[PDB]
Each structure stands twice: as C-alpha cells, then as structure tokens.
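Undergrad: This is the structure I want to talk about, given as structure tokens.
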Amino acid sequence: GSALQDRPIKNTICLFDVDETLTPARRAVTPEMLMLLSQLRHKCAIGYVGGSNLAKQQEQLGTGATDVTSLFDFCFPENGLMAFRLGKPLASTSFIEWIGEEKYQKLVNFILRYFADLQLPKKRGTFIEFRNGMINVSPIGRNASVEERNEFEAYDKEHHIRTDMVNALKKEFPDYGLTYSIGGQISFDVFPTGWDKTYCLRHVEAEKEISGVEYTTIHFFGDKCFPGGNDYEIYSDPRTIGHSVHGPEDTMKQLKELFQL
Amino acid sequence: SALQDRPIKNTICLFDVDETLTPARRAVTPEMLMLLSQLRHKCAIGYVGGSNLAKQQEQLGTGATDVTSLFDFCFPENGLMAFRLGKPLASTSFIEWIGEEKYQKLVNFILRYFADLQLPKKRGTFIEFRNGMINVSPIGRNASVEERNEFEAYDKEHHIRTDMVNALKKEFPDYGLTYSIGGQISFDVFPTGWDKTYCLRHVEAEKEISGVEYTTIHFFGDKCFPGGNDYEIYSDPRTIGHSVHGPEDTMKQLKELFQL
Ligand SMILES: [Cl-]
Ligand SMILES: [Mg+2]
Ligand SMILES: [Mg+2]
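Protein chains in written order, with our numbering: chain A, 3 to 263; chain B, 5 to 264.
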C-alpha cells in the first residue's frame with residue numbers, strides 16, 4: 003500500500019463508527035464492506051473509532067489471519083484513548099491515570115453505597131464495569147437478563163433512576179470534571195469531559211507533524227448521531243463532515259455516492 | 005448414539021472444564037476433542053463446570069460447533085443449568101431459591117461492605133450474578149491478569165476475602181449458604197449443596213428417560229483436595245474420582261482408563 007502523503011484524494015480521511023456502521027448489529031464485518039474499505043483506502047485515509055477495546059474490534063473486523071490494525075490507517079478503540087497509526091501504537095492515557103486511584107475509589111464507593119440504598123424491583127450484578135477510558139454504571143446491573151433489562155428501562159422511564167443518580171453524582175463530585183451519558187436500557191457512562199468520540203480527532207490533527215498531511219476533510223460515519231447517541235459530538239463537531247447511517251448497507255450506499263466507487 | 009446403545013453399559017465420564025479439559029479460560033486442544041469423541045462411542049460423556057454456558061462455548065465450541073453437540077450432558081453452573089443431548093433440562097436458580105427480597109438484603113450488605121472497604125485498588129465487577137451463585141470480588145473481576153496476581157498476594161497477607169466471608173456468615177447466619185474462596189480475587193456464595201455434586205441428580209434421573217442407570221460414574225477434576233471445587237464430587241461414593249494436574253494429565257489418564 004501507499005504512505006498517507008501519497009493518497010491521491012488529498013487532505014481527506016474517512017472515520018467510521020464500528021457497530022451498525024461498518025458491521026451489522028451484533029455481527030462481524032462482511033467481505034463486501036472490507037472490499038469497499040480497501041478500495042476507499044487507495045483514494046484517502048481511513049480509520050475507525052469505537053467505544054470498545056481493541057479485542058472487540060479484532061473480533062468484529064479482524065480474523066486469525068489478519069490483525070485489524072492492518073486494515074485501517076488509524077484505529078481508535080475506546081474513543082481514541084487507545085490509538086494505532088499504520089499498526090503502531092500511539093501514546094495513550096487512561097481514566098484511572100487521569101482521575102487517580104484515590105478519587106476513583108471515592109467515586110466507586112459512592113456508587114456502591116448509592117446502589118445499596120436504592121430501592122428497585124430487581125438487583126442483579128455487574129453494577130460497575132471498569133474500562134480503559136470510562137466506567138459503565140447500571141443500577142440493576144449488566145447481569146440483568148433481556149427481559150429484566152426491558153423491565154428496568156420502563157421502570158426507569160417512570161422513576162428517572164439514571165437521571166437522579168447522574169444528578170446526585172454531579173452534586174457529590176462537582177470538581178471531578180466528568181461527563182455522564184445515559185444510553186441504552188440499563189446504564190450510563192462516566193468519563194472525563196472530552197473523552198467522547200471527538201477525542202480521536204487529536205490523533206488525526208497530529209498527522210500534520212508526522213507525514214505533513216493536514217486533514218481538512220474529515221468524514222465521519224455513525225449510526226447514533228442524534229443528541230444523546232455516542233456519535234453525536236463527533237458528528238456535530240465543525241471539524242467533521244458528518245454522515246448519519248441506519249446500518250452497514252446504508253454506509254456502503256453513502257460511501258459509493260460520496261466517492262464514485 | 006442413543007444413550008441405551010453405548011456398548012460400555014451403565015457408564016458415564018464427567019469432566020471438570022478449567023484445567024481438566026482445557027487450560028484455565030482458554031481453548032480446548034484438537035487432541036482432547038478427538039479423545040472425547042472417541043470416548044463418546046464407548047460410553048456417556050459430560051462436563052460440569054462453575055461458569056456459564058457462554059464460557060464453555062468459547063473454550064470448547066466454535067462458530068460452527070455448539071458445545072452442547074459435543075457432550076451427552078452439559079452442566080454449566082455446577083448443573084443448575086443442564087442439557088441432555090442438546091435439550092435444556094428443567095432447573096431452578098439462585099434467585100428463585102433465595103427470592104428477590106433476601107437477595108437484595110445480601111447484595112446490599114455486600115455493596116455497603118465494599119463501599120466501606122479500603123484497598124490498594126478497586127476496578128469493577130465486584131458482584132457477578134449467576135444462575136447458581138454470586139461471585140464476589142473486592143478488587144472486582146475487571147482486574148487485569150497482573151492486578152489479580154497482585155491482589156492475591158495482598159489478600160494472602162491481609163485476609164480481605166476471609167474477613168468478608170466471616171462478615172457475611174455473621175450477618176446471614178441462617179441463610180443456608182456455603183462460601184468458597186477460590187482463585188485470586190473472589191469467593192463464591194451459593195446454597196449449600198449447589199456444588200458440583202448437584203449435577204448428579206440429572207445423571208440419576210436418566211433412568212426414567214432412556215432406562216440407563218449410571219452405576220459407573222467417572223469424574224475428572226484438578227481441584228479434588230479439601231477446599232477445591234471438585235472435592236465433593238470427587239469424594240462422593242457415587243463416583244470414581246480421578247485427580248488431574250492439567251489437560252495433558254487428563255488425556256494420559258483417559259487413554260489408560262479406556263484403552264484410547
Ligand atoms: Cl459490580
Ligand atoms: Mg454504532
Ligand atoms: Mg478446574
């Protein structure tokens with residue numbers, strides 16, 4: 003393949019969300035999408051940005067013969083808190099490093115006590131999941147079954163469990179510099195302000211000092227581009243040309259129109 | 005093929021999974037699968053493991069092969085879940101046994117205890133809710149491999165796990181729970197008798213289905229010493245227990261056992 007400075011469509015990168023953008027919901031990428039990405043990659047820079055860790059993208063996008071980092075110019079697991087450029091790791095930080103062990107424990111202890119005191123129809127397990135760039139917090143717990151999650155969602159619609167807990171956290175930890183995002187049925191995310199998918203754009207911008215390539219056309223594709231979705235900020239950011247997709251078929255259609263492919 | 009047609013009559017082999025059939029939380033080898041399939045032409049085979057089905061599916065199956073196709077009996081969660089020739093068997097669960105209200109008393113106490121607990125490190129996944137138990141970790145299961153090693157050494161010195169088990173026994177003295185401290189970072193909490201011997205009810209019930217009465221029940225496990233989670237099923241007079249150091253040792257003993 004070609005170096006980034008040799009791609010013919012100058013100053014241009016396409017960044018993709020993984021789940022329901024490059025891959026069907028809860029499946030691996032198709033060969034047709036891989037073929038289209040490789041064609042796109044002869045024209046401009048490509049990358050992905052996803053919430054989950056590298057291992058997850060390796061399952062969804064890579065194989066036993068192919069490391070996912072070989073398939074994209076830029077890989078941004080964990081919203082870009084982890085990053086790869088042409089297979090090489092970029093320097094990174096983590097949530098626990100940024101907040102520190104002691105403050106992290108204050109946060110966790112508060113959350114555990116809050117959940118012990120919270121009255122709910124059902125409690126299960128996996129109330130806090132620790133990830134590299136955030137925690138995920140669930141009052142019922144992620145071990146809730148499919149049907150328990152449906153029931154919690156409806157209960158939460160009525161009782162505002164997540165909203166009241168977010169507000170309680172903001173009041174307990176007012177100088178912690180955290181953002182709270184309620185998503186899906188049973189949980190909300192907690193991370194340092196700015197550690198949404200826009201975080202990855204720093205790596206794209208830093209390319210200027212490596213190859214000299216200045217990415218002024220930054221296409222972003224995502225399926226949760228509405229307020230409150232995980233793609234909302236990166237979609238809305240004036241640095242990107244945002245493209246909202248319903249799924250991978252829609253992604254392919256838009257890409258083919260966008261680049262005459 | 006039908007259980008009543010296996011030539012070695014009245015005989016079943018039951019295997020622990022982690023460090024018996026596979027390396028702990030890693031994939032079965034092709035040689036082991038081949039040996040299991042050969043064994044399966046002679047007698048009934050099954051596995052019994054503490055973890056849920058999804059774990060056994062990742063260690064023993066593939067995208068093309070459902071783990072339930074590979075064994076006559078599958079007993080995830082010590083047999084609180086059960087499959088016979090790919091079909092789910094009727095079961096109970098921990099939440100059914102204890103009920104929501106007492107479960108919340110238990111979980112609230114655990115959560116409050118952890119909120120008060122001082123440790124070098126906390127992560128996530130302090131309580132894991134399963135069908136046959138809860139698993140309780142003061143550092144949390146999201147602890148990395150290295151953090152788990154470090155916690156284990158810390159716990160050896162500071163008795164974090166032991167003191168919390170004692171605290172639970174003090175708070176819930178009539179709950180009919182058993183506590184087992186195992187591995188690096190956690191302990192299990194489950195109704196007394198919901199150890200691996202629980203699965204033997206399914207083996208015994210086969211008499212009313214196919215008519216096969218399992219009088220030779222081989223069991224293979226790597227934690228057959230007092231306190232290990234294979235101890236009860238190993239020691240039970242219904243089984244011929246076989247203690248293994250790992251999957252290589254399992255293969256060696258099986259080959260001797262059955263001329264394979
Ligand atoms: Cl938890
Ligand atoms: Mg998505
Ligand atoms: Mg074992």
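Positions of the beta carbon are idealized from the N, C-alpha and C atoms, including for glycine.
1. May I have a chain-ordered list of the alpha helix (DSSP H) segments no shorter than 4 residues that lie completely inside the stretch 189–239 of chain B?
2. Can you give me the start and stop residues for the alpha helix (DSSP H) that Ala157 (chain B) sits inside?
3. Would you list, in chain order, the members of the stretch 44–69 of chain B that have their beta-carbon closer than 7 Å to a beta-carbon of chain A?
4. Strictly under 8 Å for the Cβ-Cβ distance: is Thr181 (chain A) near chain B by that measure?
5. Taking the straight line between their C-alpha atoms, what separation do you get for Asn13 (chain A) and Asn146 (chain B)?
6. Could you pull the start and end residues of the alpha helix (DSSP H) that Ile99 (chain B) belongs to?
7. Taking one C-beta from the stretch 224–232 of chain B and one from the stretch 247–257 of chain B each time, how about it: are there three or more such pairs within less than 8 Å?
8. What are the boundary residues of the alpha helix (DSSP H) that includes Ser41 (chain B)?
9. In whole angstroms, what is the alpha-carbon distance linking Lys46 (chain B) and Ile12 (chain B)?
10. Indicate the three-state DSSP secondary structure (helix, strand or coil) for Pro241 (chain B) in the structure shown.
11. Would you mind telling me which residues of chain A sit closer than 9 Å to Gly128 (chain B), beta carbon to beta carbon, in chain order?
12. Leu115 (chain B) touches chain A at which residues, Cβ-Cβ below 8 Å?
13. Can you pull the chain A neighbours of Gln108 (chain B), defined as C-beta to C-beta under 7 Å?
14. Nearest CA to the CA of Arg133 (chain A): which residue from A:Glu104, A:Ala93, A:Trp197, A:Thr71?
15. Please report the residue range of the alpha helix (DSSP H) in which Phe262 (chain B) lies.
16. Out of curiosity, what's the CA-to-CA distance linking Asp158 (chain A) and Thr128 (chain A)?
17. How many angstroms separate the CA atom of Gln188 (chain B) from the CA atom of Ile143 (chain B)?
18. How many whole angstroms separate the CB atoms of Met35 (chain A) and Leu24 (chain A), which I take to be in contact at a CB cut-off of 8 Å?
19. Buried or exposed: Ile220 (chain A), going by 16 or more other Cβ atoms within 10 Å of its Cβ?
20. Going straight from the alpha carbon of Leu264 (chain B) to that of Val207 (chain B), what length do you get?
21. Report the option in A:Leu260, A:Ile212, A:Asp233, A:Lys258 whose CA atom is closest to the CA atom of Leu92 (chain A).
22. Alpha carbons only, please: which of B:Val149, B:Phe176, B:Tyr202 is nearest the one belonging to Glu236 (chain B)?
23. Can you check DSSP and say which residues form a bridge with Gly185 (chain A)?
24. Check distances from the C-beta atoms of the stretch 92–105 of chain B to those of chain A and list, in chain order, the residues that come in under 7 Å.
25. Would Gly52 (chain A) and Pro26 (chain A) be called neighbours here (beta carbons separated by less than 8 Å)?
26. Using 8 Å as the limit for Cβ to Cβ distance, is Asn81 (chain A) near chain B?
27. Determine, using beta carbons only, whether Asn169 (chain A) comes closer than 8 Å to chain B.
28. What does DSSP give as the partner residue(s) for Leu18 (chain B) in the beta ladder?
29. Does chain B have any CB closer than 8 Å to the CB of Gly186 (chain A)?
30. Counting beta carbon pairs with one atom in the stretch 62–70 of chain A and one in the stretch 94–112 of chain A, are three or more of them shorter than 8 Å?
31. With DSSP as the reference, label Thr23 (chain A) as helix, strand or coil.
32. So if DSSP puts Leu180 (chain A) in a beta bridge, which residue, or which two residues, is it bridged to?
TA: The structure says:
1. Unbroken alpha helix (DSSP H) stretches of 4 residues or longer found wholly inside the stretch 189–239 of chain B: 204–209, 235–239, given in chain order.
2. One-based indexing of the second sequence puts residue 157 (chain B) at position 153. Here the alpha helix (DSSP H) through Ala157 (chain B) covers 149–162.
3. Of all residues in the stretch 44–69 of chain B, none has a Cβ within less than 7 Å of some Cβ in chain A.
4. In the first sequence, counting from the first residue as 1, residue 181 (chain A) sits at position 179. Taking Cβ atoms only, chain B never reaches closer than 8 Å to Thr181 (chain A), which makes this a no.
5. The residue you call residue 13 (chain A) lines up with position 11 of the first sequence. The residue you call residue 146 (chain B) lines up with position 142 of the second sequence. Cα to Cα, the separation comes out at about 40 Å.
6. Sequence index remark: in the second sequence, residue 99 (chain B) carries index 95 (1-based). Note, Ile99 (chain B): alpha helix (DSSP H), 98–102.
7. yes
8. Start at 1 with the first residue of the second sequence, and residue 41 (chain B) comes out as number 37. Run containing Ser41 (chain B): 34–46, per the alpha helix (DSSP H) assignment.
9. On the second sequence, position 42 is the one that residue 46 (chain B) refers to. On the second sequence, position 8 is the one that residue 12 (chain B) refers to. Cα to Cα, the separation comes out at about 5 Å.
10. For the purposes of this step, residue 241 (chain B) is identified with residue 237 of the second sequence, where counting begins at 1. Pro241 (chain B) falls in the coil class under three-state DSSP.
11. In the second sequence, counting from the first residue as 1, residue 128 (chain B) sits at position 124. By Cβ distance, chain A contributes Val110, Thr128, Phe129, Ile130, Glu131, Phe132, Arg133, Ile137, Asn138.
12. The count along the second sequence starts at 1 and reaches residue 115 (chain B) at position 111. Chain A residues near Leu115 (chain B): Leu114, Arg115, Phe117, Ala118, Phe129.
13. Here residue 108 (chain B) refers to the residue found at position 104 when the second sequence is read from its first residue. Close to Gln108 (chain B), with beta-carbon spacing below 7 Å, are these residues of chain A in chain order: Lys125.
14. Taking the first residue of the first sequence as 1, we reach residue 133 (chain A) at position 131. Nearest C-alpha to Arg133 (chain A): A:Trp197.
15. In the second sequence, the residue the question calls residue 262 (chain B) occupies position 258. Its alpha helix (DSSP H) spans residues 251–262.
16. Here residue 158 (chain A) is taken as the residue at index 156 of the first sequence, counted from 1. Here residue 128 (chain A) is taken as the residue at index 126 of the first sequence, counted from 1. Near 18 Å, if we compare the C-alpha coordinates of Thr128 (chain A) and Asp158 (chain A).
17. Mapped onto the second sequence, residue 188 (chain B) falls at position 184. Mapped onto the second sequence, residue 143 (chain B) falls at position 139. If I take the Cα positions, the gap works out to 10 Å.
18. Numbered from its first residue, the first sequence carries residue 35 (chain A) at position 33. Numbered from its first residue, the first sequence carries residue 24 (chain A) at position 22. The Cβ separation is near 6 Å, so the contact holds.
19. Within the first sequence, the letter at position 218 stands for residue 220 (chain A). Looking at its Cβ environment, which holds 16 or more other Cβ atoms inside 10 Å, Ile220 (chain A) is buried.
20. Stepping through the second sequence from its first residue, residue 264 (chain B) is reached at position 260. Stepping through the second sequence from its first residue, residue 207 (chain B) is reached at position 203. Approximately 24 Å between the Cα atoms of the pair.
21. Counted from its first residue, the first sequence places residue 92 (chain A) at position 90. For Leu92 (chain A), the nearest C-alpha among the options comes from A:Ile212.
22. Along the second sequence, one-based indexing puts residue 236 (chain B) at 232. For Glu236 (chain B), the nearest C-alpha among the options comes from B:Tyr202.
23. Taking the first residue of the first sequence as 1, we reach residue 185 (chain A) at position 183. Answer by DSSP bridge pairing, in chain order: A:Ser189.
24. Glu104
25. For the purposes of this step, residue 52 (chain A) is identified with residue 50 of the first sequence, where counting begins at 1. For the purposes of this step, residue 26 (chain A) is identified with residue 24 of the first sequence, where counting begins at 1. Taking 8 Å as the cut-off, the beta carbon of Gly52 (chain A) is found no closer than this to the beta carbon of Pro26 (chain A).
26. Counting from 1 along the first sequence, the entry for residue 81 (chain A) is found at position 79. It does not: the Cβ of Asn81 (chain A) has no partner Cβ on chain B nearer than 8 Å.
27. As a working mapping, residue 169 (chain A) is identified with position 167 in the first sequence. No, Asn169 (chain A) does not count as interfacial toward chain B.
28. In the second sequence, the residue the question calls residue 18 (chain B) occupies position 14. DSSP lists B:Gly50, B:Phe223 as partners of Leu18 (chain B).
29. Sequence index remark: in the first sequence, residue 186 (chain A) carries index 184 (1-based). Taking Cβ atoms only, chain B never reaches closer than 8 Å to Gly186 (chain A), which makes this a no.
30. Contact between the stretch 94–112 of chain A and the stretch 62–70 of chain A is absent, because fewer than three Cβ pairs lie under 8 Å.
31. Here residue 23 (chain A) corresponds to residue number 21 of the first sequence, with the count starting at 1. The answer is coil: DSSP assigns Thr23 (chain A) none of H, G, I, E or B.
32. Within the first sequence, residue 180 (chain A) is the residue found at index 178, counting from 1. Partner(s): A:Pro194.
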